[PDB]
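Below you'll find the structure, written out as structure tokens, and then a few comments.
When reading the values below, keep in mind they use all heavy atoms of this one structure, side chains included, and skip hydrogens, waters and symmetry mates. First the proteins, then the strands, lettered A, B, ... as listed; each starts at 1.
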There are 2 protein chains.
Amino acid sequence: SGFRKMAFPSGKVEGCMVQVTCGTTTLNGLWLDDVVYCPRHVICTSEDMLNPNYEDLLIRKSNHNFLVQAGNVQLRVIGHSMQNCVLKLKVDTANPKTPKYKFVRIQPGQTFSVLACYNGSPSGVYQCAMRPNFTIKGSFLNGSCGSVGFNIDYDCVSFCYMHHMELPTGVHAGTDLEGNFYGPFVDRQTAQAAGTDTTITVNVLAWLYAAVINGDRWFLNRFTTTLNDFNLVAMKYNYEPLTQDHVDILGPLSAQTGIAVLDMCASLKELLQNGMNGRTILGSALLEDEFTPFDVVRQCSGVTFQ
Amino acid sequence: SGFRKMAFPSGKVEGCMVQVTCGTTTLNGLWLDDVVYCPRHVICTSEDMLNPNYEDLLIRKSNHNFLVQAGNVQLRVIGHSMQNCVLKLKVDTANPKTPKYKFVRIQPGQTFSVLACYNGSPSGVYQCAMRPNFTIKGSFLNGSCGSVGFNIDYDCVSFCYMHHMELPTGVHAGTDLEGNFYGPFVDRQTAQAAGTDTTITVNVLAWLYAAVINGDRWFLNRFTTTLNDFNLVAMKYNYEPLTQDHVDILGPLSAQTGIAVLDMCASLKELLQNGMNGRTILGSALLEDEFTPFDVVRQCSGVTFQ
Ligand SMILES: *[C@@](O)(c1nc2ccccc2s1)[C@H](C[C@@H]1CCCNC1=O)NC(=O)[C@@H]1Cc2ccc(F)cc2CN1C(=O)[C@@H](NC(=O)C(F)(F)F)C(C)(C)C
Ligand SMILES: *[C@@](O)(c1nc2ccccc2s1)[C@H](C[C@@H]1CCCNC1=O)NC(=O)[C@@H]1Cc2ccc(F)cc2CN1C(=O)[C@@H](NC(=O)C(F)(F)F)C(C)(C)C
Ligand code: NA
Ligand code: NA
């Protein structure tokens, strides 16, 4: 029993974290085989921020300008290339701790673990979601750039996020591991801001199922709803539309608990309209939306990772 | 910016997790140097649960009854001893991934990371606190026993918890790594239950300081209070008494923010008496008590671990 915001074990990623320095700029890099991946603006000074031409900045650099440290070991850069907003530094040593891995670009609403790092050394691990507005509500300070987000399946690490920027509301923007930003954000100094966000409906429903699995039913009711009438209410409360695809994905949780998806939707509707009346669900006085249906199944079934 | 329930990076612990099997009972063990630590009731069958005499059960066992697996490698047990409620299995191989480590028995109100494991393989990592009633609000299923809780300082892993039992309210009971239970709990089948719990006042105050650091002040007020008058209110709301020791420990956060501790106490008093009025603090509609003052400083200052 119990239900926690659970991160993936981070050891496979810890062994990949390094420090990259360019002039006075130091940030984190990801060392996989003989390549180190990091944000391209490591090559930026403070002056090259208004509208930096990164191709022009990069052609002016030499391999020996890049100082890459793994622990107390300096790694020599022997090639470099820019891919979108990521710099790929070819180094003279392959990382002996390279896990099985892939690079994935995730959809909004998906969750992942962040290994927050400073100066190439891990500080902490936490779970978050890609918001519908393509920000993440992270915990990142100066020096955190190049920290990565990931999922693990069996023994395979799927990297999905590299950290780049903090927006004026205190939320975070970054790229996939091929250097493409999530959302409309850019790595130049402009008036960018997070767009209006929405609540991840399919995840709220997943978490209500988690609550039932863990022995709590106070919020259930005898009613059902149509998908259309539910979405009319969701829309009013700034919830994402629930698709038939979302309904299918919730099938296993609905089967495990015996509560039809549209029945759980009628519970959520009632919760939106009436509030919790001073009660809590899984220790929360708010409706939690950073657990996917898969997160719930994994934690309530005890899936492990080799 | 941002503030997350952040766990320690778990890689140093992952490399220590093994599987221990005795007859039909399998649970997790912690492999440090040439010793594997696990709950002593691995030697129990279902029948030896009413009032098992563990010394009597253990003298009847042979080394070859214990099957210890690290990954795909079987480790041969060559000695054993019982220490309180932990079994120490001497094995023929020293763990080459043994970190710098120590065993600590923590006080209620302290936090730690749990690496939840099944069949010797890690499933997830999450942060929790030792409650005042010496339970933890974990997330643990059948097979989770022997999973450990820990903190990291610099490069040193301080193990403070090994998992043993789930209580009827769905919360969890376990031992330090020398086999002494936290709280009054025992590893025999009886009517044990969690005692009434209280909220960890010093941690709530720490989290209010975290909120201020992160740019939120809506709950502050112009008032101060005496320690005594605050504790009269805390007592009414089932909060732990705040000691002068707690006040001193909050000194750094008070200095960083310019808000005297007793001033923050008057804010907490007002929050207890009037509620949040539909507002949130650091994304929560409840007063959070599973961040210590040290957790706040570490996360808002970016401390790392070698
Ligand atoms: C990351 O650690 C980096 N720092 C530097 C420093 C010099 C060169 C390159 C980098 S990457 C930080 C993480 C950030 C900082 C502070 C608090 N929390 C965080 O997550 N990233 C930045 O400082 C980025 C980097 C950048 C790249 C190109 C630019 F043209 C401008 C920047 C500045 N920056 C920001 O995050 C800024 N935010 C924005 O510009 C915006 F639009 F996203 F809001 C800043 C105002 C500095 C937070
Ligand atoms: C742990 O994985 C272990 N399982 C076994 C099985 C056989 C022998 C030894 C062990 S240790 C589980 C973890 C637990 C189970 C299910 C859900 N969440 C969890 O955290 N621990 C147990 O099953 C313990 C072990 C035990 C030892 C001595 C006993 F006399 C009795 C038990 C049974 N047990 C419990 O946790 C039970 N709880 C209690 O007895 C009490 F008092 F704490 F509530 C149970 C009712 C089975 C949950
Ligand atoms: Na219903
Ligand atoms: Na005050």
Side-chain angles (χ1 to χ4, degrees), chain A residues 7-22 25-32 35-42 44 68-71 85-89 95 97 99 101 103-106 110-131 134-152 157-167 170-183 185 187, chain B residues 1-11 125 152 298-306:
Chain A
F8 289 97
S10 57
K12 284 175 177 55
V13 178
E14 289 168 51
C16 299
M17 301 306 303
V18 302
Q19 192 177 197
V20 183
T21 295
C22 236
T25 302
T26 293
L27 42 58
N28 304 287
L30 185 70
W31 181 22
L32 300 169
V35 177
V36 172
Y37 304 79
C38 71
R40 68 175 174 168
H41 38 96
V42 70
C44 288
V68 179
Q69 273 150 273
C85 301
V86 158
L87 178 67
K88 297 188 284 189
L89 302 173
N95 185 359
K97 295 175 168 184
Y101 73 93
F103 295 164
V104 184
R105 180 175 182 78
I106 58 169
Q110 297 300 294
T111 57
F112 56 95
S113 298
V114 172
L115 183 65
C117 297
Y118 300 89
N119 301 107
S121 297
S123 181
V125 67
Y126 55 87
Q127 193 77 349
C128 63
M130 181 63 63
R131 304 302 312 168
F134 290 107
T135 67
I136 71 176
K137 294 179 179 178
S139 180
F140 289 117
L141 308 167
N142 285 121
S144 56
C145 288
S147 297
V148 297
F150 62 100
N151 286 271
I152 308 182
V157 179
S158 288
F159 292 105
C160 57
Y161 179 83
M162 177 163 278
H163 186 50
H164 292 241
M165 327 278 285
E166 184 171 292
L167 297 166
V171 304
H172 301 106
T175 67
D176 63 30
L177 263 294
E178 293 183 358
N180 308 290
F181 266 92
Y182 292 98
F185 309 113
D187 56 356
Chain B
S1 308
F3 201 74
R4 282 286 188 172
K5 193 67 68 62
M6 192 173 296
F8 289 97
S10 57
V125 67
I152 308 182
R298 129 175 170 250
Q299 180 171 172
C300 299
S301 84
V303 169
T304 48
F305 308 97
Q306 179 213 329

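The distance from atom SG of A:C16 to atom CZ of A:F150, rounded to the nearest 0.5 Å, is 10.0 Å. In this structure, A:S123 OG and B:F305 CZ are separated by 5.5 Å, a value rounded to the nearest 0.5 Å. Taken to the nearest 0.5 Å, the OG1 atom of A:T175 stands 10.5 Å off from the NE2 atom of A:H163. Atom CG of A:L177 is separated from atom OH of A:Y161 by 11.5 Å, given to the nearest 0.5 angstrom. Atoms SG and CG, from A:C145 and A:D187 in turn, are 10.5 Å apart once rounded to the nearest 0.5 Å. Annotation: the span from B:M6 atom CE to A:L115 atom CG amounts to 9.5 Å, rounded to 0.5 Å.
Nearest approach of B:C300 to A:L141, heavy atoms of both residues: O-CD1, 3.6 Å. Considering every non-hydrogen atom in both A:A173 and A:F181, the closest pair reads C-CE2, 4.1 Å. Nearest heavy atoms, A:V18 versus A:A70: CG1-CB, 3.7 Å. When all heavy atoms are compared, the tightest approach of A:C38 to A:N28 is CB-O, 3.6 Å. Between A:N95 and A:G15, the closest heavy-atom pair is ND2-O, 3.0 Å. Here the closest heavy-atom approach between residue A:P122 and residue A:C117 is recorded as CA-SG, 3.6 Å.
By the salt bridge (charged side-chain N to carboxylate O under 4.0 Å, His left out) test, A:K12 pairs with no residue at all, sequence neighbours left out.
A:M130 is listed as a side-chain neighbour of A:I136, based on a closest heavy-atom distance under 4.5 Å. Residues A:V125 and B:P9 fail the side-chain proximity criterion, which asks for heavy atoms closer than 4.5 Å. Residues A:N119 and B:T304 fail the side-chain proximity criterion, which asks for heavy atoms closer than 4.5 Å. Looking at A:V114 and A:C128, their side chains come closer than 4.5 Å, going by heavy atoms from C-beta outward. Looking at heavy atoms from C-beta onward, A:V171 lies out of side-chain contact with B:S1 at the 4.5 angstrom threshold. Looking only at side-chain heavy atoms (C-beta outward), B:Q299 and B:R4 come within less than 4.5 Å of each other. Side-chain contact between A:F103 and A:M162 is absent, with no heavy atoms from C-beta onward closer than 4.5 Å. Contact annotation: the side chain of A:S144 approaches that of A:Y118 to within less than 4.5 Å [non-hydrogen atoms, C-beta and beyond].
Between the side chain of B:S10 and the backbone N or O of A:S10, at least one donor-acceptor pair lies under 3.5 Å. Remark: the backbone N or O of A:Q127 is not paired with any side-chain donor or acceptor of A:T111 at under 3.5 angstrom.
Residues A:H41 and A:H164 have side chains that bring a donor and an acceptor to within less than 3.5 angstrom of each other.
Remark: A:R131 fails to qualify as a cation-pi partner of A:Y182 under the 6.0 Å distance and 45° angle criteria applied to the six-membered ring. A cation-pi arrangement is present between B:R298 and B:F8, with the terminal nitrogen or guanidinium carbon under 6.0 Å from the aromatic centre and inside a 45° cone about the axis.
Among the candidates A:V148, A:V13, A:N151, the single residue satisfying the side chain to side chain contact (heavy atoms under 4.5 Å, CB included) test with A:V157 is A:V13.
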